[PDB]
Amino acid sequence: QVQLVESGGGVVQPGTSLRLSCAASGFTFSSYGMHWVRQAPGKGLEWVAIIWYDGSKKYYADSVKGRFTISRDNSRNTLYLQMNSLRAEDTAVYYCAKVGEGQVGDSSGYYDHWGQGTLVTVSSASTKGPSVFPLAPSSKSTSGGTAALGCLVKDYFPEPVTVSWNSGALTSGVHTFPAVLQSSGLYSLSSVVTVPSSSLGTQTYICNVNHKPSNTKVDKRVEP
Amino acid sequence: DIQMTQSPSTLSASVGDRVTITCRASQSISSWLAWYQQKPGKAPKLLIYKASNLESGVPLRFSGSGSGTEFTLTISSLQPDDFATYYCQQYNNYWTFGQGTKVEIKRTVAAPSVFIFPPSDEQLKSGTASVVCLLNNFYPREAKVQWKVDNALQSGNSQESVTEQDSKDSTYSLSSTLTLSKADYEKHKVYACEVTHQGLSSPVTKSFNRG
Amino acid sequence: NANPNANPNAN
């Protein structure tokens with residue numbers, strides 16, 4: 001079965017260059033044209049480049065022309081994408097894609113197999129752990145109804161953080177929102193849980209926030 | 001380029017429904033049209049190529065029709081695995097994708113529960129004030145949040161984020177964060193987030209005075 | 001002039 005494994009992604013500063021790789025197996029790599037396709041966070045699919053089976057022809061999207069170079073080493077079953085002068089808007093998951101066989105005579109370029117992708121993040125930010133602030137439940141509340149509380153996980157880089165509540169024992173009613181990238185280059189997200197308004201006196205509520213890149217482990221009690 | 005426009009961009013459907021997604025090309029692309037399925041965080045997978053040819057192994061409920069400039073993808077009877085985003089792609093001249101069509105689960109209209117949270121003392125002692133407005137478990141996804149500071153509508157100083165459909169009740173939830181400097185936060189008294197939604201008879205306002 | 005969508009596979 002066809003396997004395509006991308007590597008080389010990571011956080012890089014704007015204006016640098018970076019090479020991505022795609023290790024192919026389970027088919028005769030040297031007999032097939034290959035493409036790169038990318039997907040910016042939350043956006044659609046964008047074709048990037050194509051290379052012939054023998055490297056004799058290459059084409060590029062206008063958005064990367066003059067900056068990106070596709071190449072391949074057939075003796076090592078590897079496809080490459082050389083990305084120069086990187087820009088913030090090159091941030092994306094980069095996929096390598098095999099050209100599908102088609103029926104005899106067909107125009108070419110649908111993709112019968114895709115790699116899992118490698119994430120390239122173009123940013124000047126440094127590794128930074130979050131500050132974790134309470135979203136404390138309302139004192140107006142609702143007698144014998146429902147109250148909302150949470151944690152604001154602010155100003156961290158890079159993604160991801162994880163949030164649990166009461167060490168994973170509390171799951172129903174939890175919503176952990178997708179992060180947003182702020183003007184500063186740092187991310188921030190909120191995690192909230194709805195609970196019985198009566199249990200605010202009894203039960204203690206603590207969000208467990210982990211950010212592996214900065215080795216941040218926080219437990220924040222959220223009280224009224 | 002050859003621009004590919006899908007219609008609709010979002011479709012709410014139920015299991016068992018017949019579902020059709022349309023894809024139009026701004027120039028004629030003969031039969032050179034493919035369709036892909038993508039789920040969150042996963043690579044796309046090929047469904048159909050050459051407009052109508054089902055890719056080996058793809059379930060028979062998927063089919064495709066068309067030529068020239070107008071094409072369709074049809075799922076004859078939608079299954080739970082089929083809630084996803086679908087892309088068309090032309091490969092007639094260079095290679096371009098439609099914008100994607102999300103197939104979401106239909107449910108009854110649900111009003112959000114709205115909550116406002118003031119910035120914490122721990123955060124304020126640092127120079128920044130984040131005010132959070134939560135809209136919990138609503139449907140459909142379309143909702144309006146407006147920030148008013150001393151009844152002055154805000155613009156440009158908030159960000160929002162929304163969850164995927166809840167796996168238990170198929171609702172959405174939404175966060176909105178208003179960010180002001182500590183100084184600017186202290187120039188005003190009344191902080192309000194106003195929510196309009198089809199499940200609410202009238203807009204819901206949740207507000208505090210910092211004291 | 002070359003067709004970008006010509007067959008890019010081995011024959």
# chains A, B, ... in the order shown; residues from 1 in each chain; ligands from 1
$ residues_around --residues "residue B:116" --least-positions-apart "3" --cutoff "9 Å" --atoms "only C-alpha atoms" --output "VMD selection string"
(chain A and resid 135 138) or (chain B and resid 131 to 134 192 to 193 206 to 208)
$ interface_residues --of "chain B" --to "chain A" --cutoff "6 Å" --atoms "only C-alpha atoms" --output "list in words"
residues 43, 46, 91, 99, 117 and 163 of chain B
$ closest_atom_pairs --of "chain C" --to "chain A" --cutoff "8 Å" --atoms "only C-alpha atoms" --output "Markdown table"
| residue | atom | partner | partner_atom | distance |
| --- | --- | --- | --- | --- |
| C:4 | CA | A:59 | CA | 7.1 |
| C:5 | CA | A:108 | CA | 5.0 |
| C:6 | CA | A:108 | CA | 6.1 |
| C:7 | CA | A:108 | CA | 5.6 |
| C:8 | CA | A:52 | CA | 4.7 |
| C:9 | CA | A:32 | CA | 4.5 |
| C:10 | CA | A:31 | CA | 4.8 |
$ interface_residues --of "chain B" --to "chain C" --cutoff "8 Å" --atoms "only C-alpha atoms" --output "list in words"
residues 91, 92, 93 and 94 of chain B
$ write_last_selection --atoms "N, CA and C atoms" --output "CSV table (one decimal), in the first residue's frame"
chain,number,residue,atom,x,y,z
B,91,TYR,N,-8.2,19.6,-12.9
B,91,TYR,CA,-6.8,19.3,-13.4
B,91,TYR,C,-6.8,19.3,-15.0
B,92,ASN,N,-7.5,20.3,-15.5
B,92,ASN,CA,-7.5,20.6,-16.9
B,92,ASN,C,-6.3,21.5,-17.4
B,93,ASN,N,-6.1,22.6,-16.7
B,93,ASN,CA,-5.0,23.5,-16.9
B,93,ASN,C,-4.5,24.0,-15.6
B,94,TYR,N,-3.3,23.6,-15.2
B,94,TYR,CA,-2.8,23.7,-13.8
B,94,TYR,C,-3.8,23.0,-12.9
$ residues_around --residues "stretch 52-68 of chain B" --least-positions-apart "5" --cutoff "8 Å" --atoms "only C-alpha atoms" --output "tab-separated table (two decimals) with C-alpha atoms, in the first residue's frame"
chain	number	residue	atom	x	y	z
B	25	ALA	CA	-15.65	26.03	-13.17
B	27	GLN	CA	-13.84	28.00	-17.80
B	28	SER	CA	-14.60	24.68	-19.47
B	29	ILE	CA	-12.54	21.81	-17.95
B	30	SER	CA	-13.90	18.84	-19.98
B	31	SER	CA	-14.06	15.83	-17.60
B	46	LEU	CA	-9.70	10.95	-3.05
B	47	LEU	CA	-13.37	10.02	-3.79
B	73	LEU	CA	-21.02	15.10	-5.98
B	74	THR	CA	-23.90	13.07	-4.52
B	75	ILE	CA	-24.01	10.86	-1.41
B	76	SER	CA	-27.09	8.71	-2.00
B	77	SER	CA	-27.75	8.05	1.72
B	78	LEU	CA	-25.57	9.94	4.21
$ residues_around --residues "residue A:17" --least-positions-apart "5" --cutoff "12 Å" --atoms "only C-alpha atoms" --output "number ranges by chain"
A: 8-12, 67-69, 81-87, 90, 120, 122
$ select_by_dssp --residues "stretch 115-215 of chain A" --states "strand (DSSP E)" --output "ChimeraX atom specification"
/A:118-122,131-135,146-156,162-165,174-176,180-181,187-196,206-211
$ select_by_dssp --residues "stretch 5-208 of chain A" --states "alpha helix (DSSP H)" --output "PDB file with N, CA, C and O atoms, in the first residue's frame"
ATOM      1  N   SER A 199     -23.626  23.689  43.227  1.00  0.00           N
ATOM      2  CA  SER A 199     -22.362  23.042  43.583  1.00  0.00           C
ATOM      3  C   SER A 199     -21.184  24.020  43.713  1.00  0.00           C
ATOM      4  O   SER A 199     -20.073  23.562  44.012  1.00  0.00           O
ATOM      5  N   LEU A 200     -21.394  25.331  43.512  1.00  0.00           N
ATOM      6  CA  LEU A 200     -20.298  26.295  43.607  1.00  0.00           C
ATOM      7  C   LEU A 200     -19.727  26.351  45.022  1.00  0.00           C
ATOM      8  O   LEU A 200     -18.511  26.506  45.203  1.00  0.00           O
ATOM      9  N   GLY A 201     -20.583  26.238  46.040  1.00  0.00           N
ATOM     10  CA  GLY A 201     -20.077  26.141  47.402  1.00  0.00           C
ATOM     11  C   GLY A 201     -19.283  24.866  47.637  1.00  0.00           C
ATOM     12  O   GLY A 201     -18.162  24.903  48.153  1.00  0.00           O
ATOM     13  N   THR A 202     -19.848  23.722  47.241  1.00  0.00           N
ATOM     14  CA  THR A 202     -19.239  22.413  47.470  1.00  0.00           C
ATOM     15  C   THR A 202     -17.988  22.194  46.633  1.00  0.00           C
ATOM     16  O   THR A 202     -16.859  22.262  47.139  1.00  0.00           O
TER      17      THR A 202
END
$ atom_distance --atom1 "atom CA of residue A:167" --atom2 "atom CA of residue A:206"
7.9 Å
$ atom_distance --atom1 "atom CA of residue B:160" --atom2 "atom CA of residue B:80"
28.6 Å
